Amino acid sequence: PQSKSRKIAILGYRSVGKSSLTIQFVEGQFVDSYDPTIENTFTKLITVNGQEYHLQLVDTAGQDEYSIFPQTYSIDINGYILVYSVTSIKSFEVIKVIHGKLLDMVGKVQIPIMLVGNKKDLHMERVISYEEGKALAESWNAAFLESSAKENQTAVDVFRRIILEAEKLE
């Protein structure tokens, strides 16, 4: 089928760069203008392994330990991107909770899940090691990748990987 449509949800704690990472991929630039997000949606077109896709990305509002996991992000979502900031132990802690809830909500369905450690560029502020987040991604039997919302190639690698990870379960 010349084109396929997939809906991806980008979840995580606030300020980690869910939007930055999303816009970088979608528009190609890096915005510094920190705007708390309500919910944005961009429809990006990208091809993976010859197959072109129609990606409907849902850049969600940041949540935390005690926040209801939106039931709509529980249905009709083909892939999930759970991003944390390697410069924040709190984001790391929180993503484990969001992941927990997410799994409960969705019940038992083979939905691709990948873990992203954002802000690899800010070397002087990293507190989470690569090997650590990596280990988490393995415990979830999920994909892992680190990234910078200022390093397009890596942002693109993120959205490519999830689809790779998805067409694998289908």
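Residue numbers run from 1 along the displayed sequence. What we label the rigid core is the largest C-alpha set whose atoms superpose within 1.5 Å from one form to the other.
- The higher RMS C-alpha distance to the shown form in 5 other deposited structures of this protein, out of 64-72 and 138-146, belongs to 64-72, with every structure fitted on the core.
- Relative to the displayed structure, the C-alphas of 30-38 lie farther away on average in 5 other deposited structures of this protein than those of the other candidate, with 30-38 and 53-61 compared after rigid core superposition.
- Modelled in this chain, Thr43 is likewise resolved in all the other entries of the protein that span it on both sides, not missing from even a third of them.
- Among other deposited entries of this protein with both flanking residues present, none omit coordinates for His123; it is modelled throughout, well short of a third.
- Averaged over their C-alpha atoms, the temperature factors of 70-78 and 84-92 are higher for 70-78.
- As the entry records it, the average C-alpha temperature factor is higher for 98-106, out of 98-106 and 112-120.
- Per the PDB entry, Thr37 shows the highest C-alpha temperature factor of the residues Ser129, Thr37, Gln63, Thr47.
- Sort the chain's modelled residues by C-alpha temperature factor and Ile8 lands in the lowest third, per the entry.
- In the PDB entry, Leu136 places in the middle third of its chain by CA B-factor.
- Ranked within its chain, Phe144 lands in the lowest third, by CA B factor from the PDB record.
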